[PDB]
Structures are given as structure tokens and as C-alpha cells.
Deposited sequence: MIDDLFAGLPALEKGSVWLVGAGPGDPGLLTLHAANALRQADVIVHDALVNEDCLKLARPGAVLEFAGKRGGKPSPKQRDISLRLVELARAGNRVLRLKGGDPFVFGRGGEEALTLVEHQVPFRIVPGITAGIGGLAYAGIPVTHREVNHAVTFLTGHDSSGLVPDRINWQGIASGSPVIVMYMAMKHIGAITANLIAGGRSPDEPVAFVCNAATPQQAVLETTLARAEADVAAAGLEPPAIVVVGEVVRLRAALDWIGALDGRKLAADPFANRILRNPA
């Protein structure tokens, strides 16, 4: 059960690995993983999906090695590999277009007449949250959701007003500033907030707190990247929708 497009040559697929749990891979991803000659991957939350790679052909780490590689180089590696006839698979955490420089990579690709495909992935801000029992939207609660990165140019007031649920990528180092920005924008100090670290991995960990207390709580809990930060009433649903908790003993409750 796979009659789907082949990973060709002079070509690169920018492929979403999801937040960690393999099997949150798309069938397109699994297939690409099966046929790539070379895989240029990130900081992977699960190094598990790489077990799918075809009879050992080159793995290529592209994250921090110790210094860094600037995107420019990573992108230009893809083209180098592609022009030399490899089936190239650029393997990205989560979804390639949700804060993952994927648009940059693809722009470079066309800029050098390299054909590409994009394979969407599960992003930590939606699927990861799901593994914590927190939906990004729920009828009674929100008709909008904003997804943002911590480093701004970011209209903090417009987000504060306007966005009943807020979902934050790379906001650990700045959590103190950000929550203070929301509170001053008219958000309640007591508004529920949740941190989810290593969403959808066996190392998953959750902090339930509050806009006013968030900075003290995550210092105290000793929490660390990678983490999605979510703000808003939907946090209250975790007590009721934590299906992972339910697998061990958890007694799931009713909404408010």
C-alpha cells in the first residue's frame, strides 16, 4: 500500500518529521525516507524515523555540532547534492513551513532550477498540544488562534486582544517578558497557561500554570526547550482530554 510519487533526481523534498512520535510521519514521509539517497536532518526529537532510511545511504546532520551552519550553507548543500544526481531528502522537525525555514530552502532550490516537493508534517503547536490533551480550538472558547515565535516586530496588543488562544514556539528564554506583555494588554494574570516539553515523545512533560506565575513556575519546574507554550481557556480541557494520562491511571473530568 504505496502507489505514490517517487523521489526523483536533481530533486529535493522538504519533509516534515512531525514533533517526535514516528508514525506521526506522513505516508509521503515514510516513502521518501525509504527512497532518499541522502538525508539532511535536524536536531530530531526522535532519531527513530531514521531507522526507515534505505540500506545505509548517507545521513547528514545539519544542526549545532558541539558553532553552527548558517541556512545559506544548508540550502546550498541541498542543491550541491541534487545537481550530483542524488535523491535528496531534507528532513525537518515538525512541518517544513511552520517556523522551520522551509520557505527559505525552497526559494534557494528554484533559484538554482532544482525541482522540489513539500511534504507537510504535524507541527508541535497542534499535534504536540494534542498529546497533552489540549486542542488549539474549541467552540465555546475560541474562534481564532495565533501561532507565534519568541525571538520583536510582533503586535503584542493585537494578539492580546483578538486572539483567545495563543500558541508559542521558541518562547522559553523570554517567557517572563511575553506574559508581562499579555497581562498589560488586558489579559488576566490568572489566565491558564501550559508548557509542553518534548510533545509526543516518551519524554513528554507538562506544566500547568498561569500568565502571572508562568516565569516562577517554569524556573521551579526546571523546564527546558523544546517546548510549546499555550495560553488560554483550552488549557482547562487538559484535565478532561488527557488521553495519554488515561492510559496509566488518569480519571478524566468534565469541561468547566
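Trainee: Spell out the unmodelled ranges of the deposited sequence for me, N- to C-terminal, numbering from the first residue.
Mentor: Missing CA coords at 1-5, 72-73, 159-165, 271-280.
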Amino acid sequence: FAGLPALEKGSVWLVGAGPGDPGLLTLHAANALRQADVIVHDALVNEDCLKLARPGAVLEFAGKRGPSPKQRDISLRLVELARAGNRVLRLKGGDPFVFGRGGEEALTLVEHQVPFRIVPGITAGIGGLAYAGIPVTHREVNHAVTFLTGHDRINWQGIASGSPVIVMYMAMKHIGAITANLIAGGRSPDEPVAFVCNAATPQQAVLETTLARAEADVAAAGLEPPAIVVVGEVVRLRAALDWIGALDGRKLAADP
From here on, numbers count along this sequence of modelled residues.
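Trainee: For the C-alpha atoms alone, is the average B factor greater in 35-43 or in 202-210, going by the entry?
Mentor: Higher mean C-alpha B-factor: 35-43.
Trainee: Higher mean Cα B-factor in the deposited model: 51-59 or 193-201?
Mentor: The stretch with the larger mean CA B-factor is 51-59.
Trainee: Could you check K92, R117, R139, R87 and tell me which one carries the biggest Cα B-factor in the deposited entry?
Mentor: Each of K92, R117, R139, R87 was compared by C-alpha B-factor; the highest is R139.
Trainee: Hey, out of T146, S75, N181, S161, whose CA B-factor is highest in the deposited coordinates?
Mentor: Across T146, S75, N181, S161, the entry lists the biggest C-alpha B-factor for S75.
Trainee: How does the C-alpha B factor of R187 compare with the rest of the chain: lowest, middle or highest third?
Mentor: Ranked within chain, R187 CA B lands in the lowest tercile.
Trainee: How does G232 rank on Cα B-factor within its chain, lowest, middle or highest third?
Mentor: According to the entry, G232 has a C-alpha B-factor in the chain's lowest third.
Trainee: Among the modelled residues of this chain, does the Cα B factor of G66 put it in the lowest, middle or highest third?
Mentor: Highest third of the chain for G66's C-alpha B-factor.
Trainee: Among the modelled residues of this chain, does the Cα B factor of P22 put it in the lowest, middle or highest third?
Mentor: Middle third of the chain for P22's C-alpha B-factor.
Trainee: In terms of the chain's CA B-factor thirds, is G245 lowest, middle or highest?
Mentor: Its C-alpha B-factor belongs to the middle third of this chain's values.
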